[PDB]
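In what follows, a single structure is set out as structure tokens and then discussed.
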Number of protein chains: 2
Amino acid sequence: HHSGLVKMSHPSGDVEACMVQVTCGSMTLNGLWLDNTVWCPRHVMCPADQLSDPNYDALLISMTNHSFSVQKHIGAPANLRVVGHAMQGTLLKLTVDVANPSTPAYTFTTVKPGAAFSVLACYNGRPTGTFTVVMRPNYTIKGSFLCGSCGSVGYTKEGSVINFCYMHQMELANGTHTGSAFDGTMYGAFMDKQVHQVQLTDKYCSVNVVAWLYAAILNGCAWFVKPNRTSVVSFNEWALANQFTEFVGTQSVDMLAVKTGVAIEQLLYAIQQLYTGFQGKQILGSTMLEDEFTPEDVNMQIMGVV
Amino acid sequence: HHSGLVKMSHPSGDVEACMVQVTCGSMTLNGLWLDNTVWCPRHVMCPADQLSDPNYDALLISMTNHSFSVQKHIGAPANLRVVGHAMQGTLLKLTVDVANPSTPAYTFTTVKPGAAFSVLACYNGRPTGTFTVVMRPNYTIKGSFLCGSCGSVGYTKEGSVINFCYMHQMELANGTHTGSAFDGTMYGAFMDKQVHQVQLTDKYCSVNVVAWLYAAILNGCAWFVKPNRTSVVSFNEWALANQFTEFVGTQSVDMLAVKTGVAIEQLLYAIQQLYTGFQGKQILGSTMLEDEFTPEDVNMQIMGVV
Ligand SMILES: *[C@H](O)[C@H](C[C@@H]1CCNC1=O)NC(=O)[C@H](CC(C)C)NC(=O)OC[C@@H]1CCC(=O)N1CCc1ccccc1
């Protein structure tokens with residue numbers, strides 16, 4: 001029996017119309033053109049043989065408006081004249097003389113651990129694929145990014161409003177990925193320098209494991225549900241010692257509890273038991289806990305509720 | 001011997017000139033006036049009788065520009081006419097007919113656990129005090145806020161640029177505080193609703209304990225330094241077992257290591273030993289580890305390095 005869950009991304013057309021190529025010096029990558037602004041990673045300014053220890057303040061000083069070449073290849077091609085340049089954290093903010101006529105309604109937001117967002121993977125200003133990821137508790141994502149992908153963007157959507165939350169910057173030693181928010185901060189404690197960096201431990205996202213167990217119940221799979229319960233406070237004490245995030249309930253989780261008649265505290269108890277082993281059984285085709293589906297994913301994909 | 005460390009805030013004058021009072025119906029709090037925008041917490045729209053589960057989308061639709069009353073009290077008083085209103089996350093963005101003539105150079109940024117920022121505490125649009133806090137690992141601050149303080153702002157400063165990072169929203173059960181970033185997200189998993197919320201465990205901020213031990217050494221207090229070392233990898237495994245954040249070194253910590261001649265790993269070992277007990281001894285007047293001073297504080301206040 002199939003769960004009815006897939007890795008679901010937003011439709012990407014609105015964001016496709018905002019992608020451009022940015023070239024500076026010897027480097028090229030992707031940028032995001034919104035209104036009269038093009039956003040891109042600041043390491044486009046770095047000579048390839050200095051990415052280990054750049055002085056970004058000095059690099060920026062050394063640039064003029066004409067140092068940046070901005071090209072839209074998709075749809076109606078365009079070359080955008082840069083009339084101002086600025087740095088915000090790890091991003092460049094290039095002002096251009098033409099407002100993107102396809103700018104969608106949008107905001108900038110930061111994504112939190114356990115939350116899902118959609119990525120539009122781009123190369124040379126050309127979108128090539130889309131996928132969805134969950135921000136991990138150690139502020140990496142398990143993405144799929146190759147050389148030239150920097151400046152690819154991640155986003156959520158509320159109604160018709162695109163909430164941009166991620167701009168790709170780098171790949172870590174363990175194959176995971178991280179990037180910037182559009183306030184210019186890197187996620188987590190990472191820095192946009194080409195050096196090996198301390199990686200924090202990952203954890204299971206407890207809220208998402210609960211959502212997945214609710215998805216199992218919604219599919220008729222509930223052998224792991226017992227009358228036994230673990231309080232949220234007791235679970236969160238246990239989580240600290242056992243590689244789980246602390247559980248914080250939400251209206252989305254509550255909706256799943258009401259629809260199934262299974263209390264959150266029953267599933268917190270179940271998680272504690274399942275973490276010691278599934279004992280030969282499967283849940284939705286898995287023998288390990290799944291934390292890559294959110295409560296919102298389960299509500300939307302199984303119940304049609306947004 | 002006094003360490004030379006105090007809790008140091010930025011001079012507040014530039015931010016004082018941006019504070020206003022925002023009133024909606026019978027609710028009032030503070031806002032931040034930059035250019036033609038006033039930022040404030042969206043719960044100013046909520047009747048005191050409905051704060052437990054507000055329908056903020058419906059509340060926003062019910063408002064008109066005339067629903068909001070904005071006054072500047074400090075300096076040259078002004079009554080500011082609202083000409084547009086919108087909501088971003090947990091903040092309102094009110095457009096006013098006058099641009100703040102004292103708008104400083106500014107950006108919006110998010111602050112990370114362990115980082116310090118300055119707070120300007122305001123009541124009824126009038127600044128009353130300033131203090132500094134570190135963002136705790138559980139995304140609370142140990143502040144000093146009473147009824148009417150919402151909309152008080154926190155910020156850092158780089159050169160002449162004010163980086164706004166915090167707008168005050170709420171007090172938690174244990175007396176700590178939290179708020180929003182100016183992308184409208186609440187810090188942590190918190191929600192701007194008047195209901196009990198799960199409080200995540202706090203942790204010691206390792207990078208700041210290291211800074212404080214370097215401050216001790218700079219002041220001639222180094223009895224806890226041994227040849228013994230703990231690697232960053234080993235310490236971080238220990239940290240997860242002992243309620244400490246994982247350590248991620250920075251250029252600022254590195255400068256302290258060079259100035260004192262003591263390696264980070266020697267202090268990581270010392271922390272492990274001191275956490276089991278100071279053995280009746282004191283460090284900079286303390287019998288417990290201190291994590292409220294950053295590496296930058298130590299560099300700036302003791303060595304004069306910004
Ligand atoms: C805004 O000025 C004000 C600032 C508060 C007031 C006291 N000190 C502060 O820092 N903020 C609010 O009034 C909040 C409004 C929400 C965001 C809609 N509410 C708030 O801070 O409530 C605090 C109280 C006391 C401690 C606590 O837990 N709560 C929430 C309600 C509660 C739930 C369960 C158990 C006990 C209390």
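Here, A, B, ... name the chains of the structure tokens in the order displayed, residue numbers run from 1 inside each chain, and ligands are numbered from 1 in the same displayed order.
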
List all protein, DNA and RNA residues that have any atom at most 10 Å from ligand 1, counting only C-alpha atoms and all ligand atoms, and write the list as an MDAnalysis selection string.
-> chainID B and resid 27:30 41:48 50:54 90 122:124 143:152 168:179 190:199

Output as a ChimeraX atom specification the set of chain B residues within 10 Å of chain A, with distances taken over only C-alpha atoms.
-> /B:88-89,107-113,181-191,197-201,232-233,236-237,240-243,245-250

Interatomic distance between atom CA of residue 276 of chain A and atom CA of residue 299 of chain A?
-> 27.8 Å

Skip segment 73-84 of chain A itself and residues of its chain fewer than 6 positions away, then list as an NGL selection string all residues within 8 Å of it, counting only C-alpha atoms.
-> :A and (16-17 or 19-21 or 65-66 or 94-98 or 125-126)

Same residues, C-alpha atoms, output as a JSON list (two decimals), in the first residue's frame:
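The new file result.json reads:
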[["chain", "number", "residue", "atom", "x", "y", "z"],
["A", 16, "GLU", "CA", 11.98, 30.67, -13.53],
["A", 17, "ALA", "CA", 11.07, 34.09, -14.91],
["A", 19, "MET", "CA", 16.55, 33.79, -12.90],
["A", 20, "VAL", "CA", 19.52, 35.49, -14.56],
["A", 21, "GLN", "CA", 23.22, 34.81, -15.07],
["A", 65, "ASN", "CA", 28.84, 48.99, -11.82],
["A", 66, "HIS", "CA", 30.35, 47.90, -15.16],
["A", 94, "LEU", "CA", 22.94, 44.77, -7.84],
["A", 95, "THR", "CA", 20.60, 47.55, -8.85],
["A", 96, "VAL", "CA", 19.57, 47.46, -12.51],
["A", 97, "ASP", "CA", 17.90, 50.07, -14.68],
["A", 98, "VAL", "CA", 14.87, 47.92, -15.63],
["A", 125, "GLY", "CA", 21.09, 31.37, -15.49],
["A", 126, "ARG", "CA", 19.07, 28.45, -16.94]]

Which of segment 37-242 of chain A counts as strand (DSSP E) under DSSP, as a ChimeraX atom specification please?
-> /A:37-41,68-72,78-80,82-88,91-96,106-108,116-123,126-134,153-158,161-171,177-180

Create the file for the chosen residues now, containing C-alpha atoms and written as a PDB file, in the first residue's frame.
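Output (again.pdb):
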ATOM      1  CA  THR A  37      17.389  44.331  -7.863  1.00  0.00           C
ATOM      2  CA  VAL A  38      19.517  41.311  -8.797  1.00  0.00           C
ATOM      3  CA  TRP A  39      20.625  39.164  -5.862  1.00  0.00           C
ATOM      4  CA  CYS A  40      23.577  36.777  -6.105  1.00  0.00           C
ATOM      5  CA  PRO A  41      26.326  35.201  -3.958  1.00  0.00           C
ATOM      6  CA  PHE A  68      28.952  42.985 -13.410  1.00  0.00           C
ATOM      7  CA  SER A  69      27.368  41.469 -16.504  1.00  0.00           C
ATOM      8  CA  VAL A  70      23.773  40.329 -15.958  1.00  0.00           C
ATOM      9  CA  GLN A  71      21.953  38.310 -18.608  1.00  0.00           C
ATOM     10  CA  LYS A  72      18.500  36.792 -18.795  1.00  0.00           C
ATOM     11  CA  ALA A  78      17.831  40.600 -21.970  1.00  0.00           C
ATOM     12  CA  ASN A  79      21.098  42.174 -20.854  1.00  0.00           C
ATOM     13  CA  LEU A  80      20.576  44.228 -17.721  1.00  0.00           C
ATOM     14  CA  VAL A  82      23.877  47.604 -13.543  1.00  0.00           C
ATOM     15  CA  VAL A  83      23.546  51.087 -12.045  1.00  0.00           C
ATOM     16  CA  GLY A  84      24.430  50.330  -8.421  1.00  0.00           C
ATOM     17  CA  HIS A  85      26.114  47.643  -6.368  1.00  0.00           C
ATOM     18  CA  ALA A  86      26.078  46.818  -2.691  1.00  0.00           C
ATOM     19  CA  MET A  87      26.853  43.952  -0.341  1.00  0.00           C
ATOM     20  CA  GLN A  88      24.503  42.547   2.271  1.00  0.00           C
ATOM     21  CA  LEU A  91      24.973  38.397  -0.995  1.00  0.00           C
ATOM     22  CA  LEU A  92      25.431  41.122  -3.547  1.00  0.00           C
ATOM     23  CA  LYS A  93      22.539  43.428  -4.288  1.00  0.00           C
ATOM     24  CA  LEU A  94      22.941  44.773  -7.840  1.00  0.00           C
ATOM     25  CA  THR A  95      20.599  47.550  -8.846  1.00  0.00           C
ATOM     26  CA  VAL A  96      19.574  47.458 -12.509  1.00  0.00           C
ATOM     27  CA  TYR A 106       7.049  38.077  -2.989  1.00  0.00           C
ATOM     28  CA  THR A 107       8.614  38.419   0.419  1.00  0.00           C
ATOM     29  CA  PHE A 108      11.885  37.326   2.013  1.00  0.00           C
ATOM     30  CA  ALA A 116      10.237  22.216   3.746  1.00  0.00           C
ATOM     31  CA  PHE A 117      10.992  24.457   0.821  1.00  0.00           C
ATOM     32  CA  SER A 118      11.277  24.167  -2.947  1.00  0.00           C
ATOM     33  CA  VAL A 119      14.566  24.668  -4.807  1.00  0.00           C
ATOM     34  CA  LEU A 120      14.977  25.712  -8.440  1.00  0.00           C
ATOM     35  CA  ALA A 121      18.408  24.372  -9.456  1.00  0.00           C
ATOM     36  CA  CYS A 122      19.957  26.584 -12.134  1.00  0.00           C
ATOM     37  CA  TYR A 123      23.163  26.665 -14.166  1.00  0.00           C
ATOM     38  CA  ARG A 126      19.066  28.453 -16.941  1.00  0.00           C
ATOM     39  CA  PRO A 127      16.751  26.455 -14.656  1.00  0.00           C
ATOM     40  CA  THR A 128      17.471  22.736 -14.890  1.00  0.00           C
ATOM     41  CA  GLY A 129      15.451  21.067 -12.163  1.00  0.00           C
ATOM     42  CA  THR A 130      13.331  21.449  -9.103  1.00  0.00           C
ATOM     43  CA  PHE A 131      13.231  19.488  -5.871  1.00  0.00           C
ATOM     44  CA  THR A 132      12.078  19.954  -2.296  1.00  0.00           C
ATOM     45  CA  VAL A 133      14.143  19.670   0.873  1.00  0.00           C
ATOM     46  CA  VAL A 134      13.701  20.093   4.610  1.00  0.00           C
ATOM     47  CA  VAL A 153      17.067  29.725  -5.007  1.00  0.00           C
ATOM     48  CA  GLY A 154      14.777  28.121  -2.490  1.00  0.00           C
ATOM     49  CA  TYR A 155      11.301  29.341  -1.651  1.00  0.00           C
ATOM     50  CA  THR A 156       7.922  28.654  -0.087  1.00  0.00           C
ATOM     51  CA  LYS A 157       4.570  29.938  -1.267  1.00  0.00           C
ATOM     52  CA  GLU A 158       1.610  31.433   0.632  1.00  0.00           C
ATOM     53  CA  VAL A 161       3.048  35.109  -2.680  1.00  0.00           C
ATOM     54  CA  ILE A 162       6.517  33.587  -3.110  1.00  0.00           C
ATOM     55  CA  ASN A 163       8.563  33.691   0.092  1.00  0.00           C
ATOM     56  CA  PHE A 164      12.204  33.412  -0.918  1.00  0.00           C
ATOM     57  CA  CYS A 165      14.254  31.761   1.822  1.00  0.00           C
ATOM     58  CA  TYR A 166      17.483  30.342   0.355  1.00  0.00           C
ATOM     59  CA  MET A 167      20.265  31.154  -2.080  1.00  0.00           C
ATOM     60  CA  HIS A 168      22.739  28.365  -2.695  1.00  0.00           C
ATOM     61  CA  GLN A 169      26.403  28.877  -1.676  1.00  0.00           C
ATOM     62  CA  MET A 170      28.318  25.675  -0.985  1.00  0.00           C
ATOM     63  CA  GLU A 171      28.713  21.925  -0.495  1.00  0.00           C
ATOM     64  CA  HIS A 177      24.586  21.798   1.225  1.00  0.00           C
ATOM     65  CA  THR A 178      24.060  25.229   2.651  1.00  0.00           C
ATOM     66  CA  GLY A 179      23.394  28.762   1.629  1.00  0.00           C
ATOM     67  CA  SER A 180      22.200  32.239   2.534  1.00  0.00           C
TER      68      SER A 180
END

Could you please determine the separation between atom CA of residue 238 of chain B and atom CA of residue 295 of chain B in Å, to one decimal place?
->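 Atom-to-atom, atom CA of residue 238 of chain B to atom CA of residue 295 of chain B, that is 21.4 Å.
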
Just asking: which residues within segment 79-263 of chain B are helix (DSSP H, G or I) according to DSSP, as JSON, numbers by chain?
-> {"B": [206, 207, 208, 209, 210, 211, 212, 213, 214, 215, 216, 217, 218, 232, 233, 234, 235, 236, 237, 238, 239, 240, 241, 251, 252, 253, 254, 255, 256, 257, 258, 259, 260]}

Quick one: residues within 6 Å of segment 253-267 of chain A, only C-alpha atoms counted, chain neighbours fewer than 6 positions away excluded, as a count of residues only?
-> 5
